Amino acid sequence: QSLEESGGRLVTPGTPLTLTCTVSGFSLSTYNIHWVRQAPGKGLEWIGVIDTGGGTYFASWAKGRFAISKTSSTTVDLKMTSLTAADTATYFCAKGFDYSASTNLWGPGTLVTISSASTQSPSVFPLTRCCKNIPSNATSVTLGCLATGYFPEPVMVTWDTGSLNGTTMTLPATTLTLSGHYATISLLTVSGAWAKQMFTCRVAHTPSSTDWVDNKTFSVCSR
């Protein structure tokens, strides 16, 4: 019993956009489907609900731009028109017991970007310190990868550490002020034989293509 959203992508302003909530487990002749969105860094915002009979009720700010439709026994569509940059949000669907949006079963959300910028793939660069500034008796080291200049969100950075155990940490994306593209920093902290070990970050960017993968293999010190 779960829900999953699909169809969130990058479109220009004024382009119509259709999202799909695919349900597994429960029936839509018993349960309603809510739509909730959330702007980046902002709060939750209710959009609308479709009941079992097909009737849709929306928020005051919607103004007929949103429409909900039952397409199959497992799929519910949300059609959006007159989209501007204020509609850039992560859109959730949720299994509703009644007309209240109080529920414990939510989709993971799909990310919608409304902009006139181009789909750009990330440039991945290694982050290593000055080797004279790293102590020779250092038991652990901090290295990282900079994935910059991509649009839209998200990127996913995973790490290959070889035989060493490491802890990873990915910072939130920053909007570059000149271009509007995003940039992230993923960091890896390993201990042990890091002096002779090769490390790889694997940066995936699904808005470019579903199999877009960049592997940056590097060491801490270029001795």
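Sequential numbering from 1, following the sequence displayed.
Undergrad: 214-222 versus 4-12: which one carries the higher mean Cα B factor per the record?
TA: Between 214-222 and 4-12, it is 214-222 that shows the higher mean C-alpha B-factor.
Undergrad: Determine, for stretches 124-132 and 148-156, which one has the higher mean CA B-factor as deposited.
TA: That would be 124-132.
Undergrad: Of the choices 69, 163, 38, 32, which one's C-alpha carries the largest B-factor in the record?
TA: Comparing C-alpha B-factors across 69, 163, 38, 32, the maximum falls on 163.
Undergrad: Just to confirm, going by the entry's C-alpha B-factors, which of 142, 84, 103, 110 comes out highest?
TA: Out of 142, 84, 103, 110, the record gives the largest C-alpha B-factor to 142.
Undergrad: Is residue 193 in the lowest, middle or highest third of its chain when residues are ranked by C-alpha B-factor?
TA: Residue 193: CA B-factor falls in the highest third of its chain.
Undergrad: If you rank every modelled residue in this chain by C-alpha B factor, which third holds residue 89: lowest, middle or highest?
TA: As the PDB entry reports it, the C-alpha B-factor of residue 89 lands in the lowest third of its chain.
Undergrad: Please place residue 174 in the lowest, middle or highest third of its chain by C-alpha B factor as given in the entry.
TA: Its C-alpha B-factor belongs to the highest third of this chain's values.
Undergrad: With respect to C-alpha B-factor, does residue 117 fall in the lowest, middle or highest third of the chain as deposited?
TA: Middle third by C-alpha B-factor.
Undergrad: Sorting by Cα B-factor within the chain, modelled residues only, which third would residue 76 end up in: lowest, middle or highest?
TA: Middle third - that is where residue 76 ends up once the chain's C-alpha B-factors are sorted.
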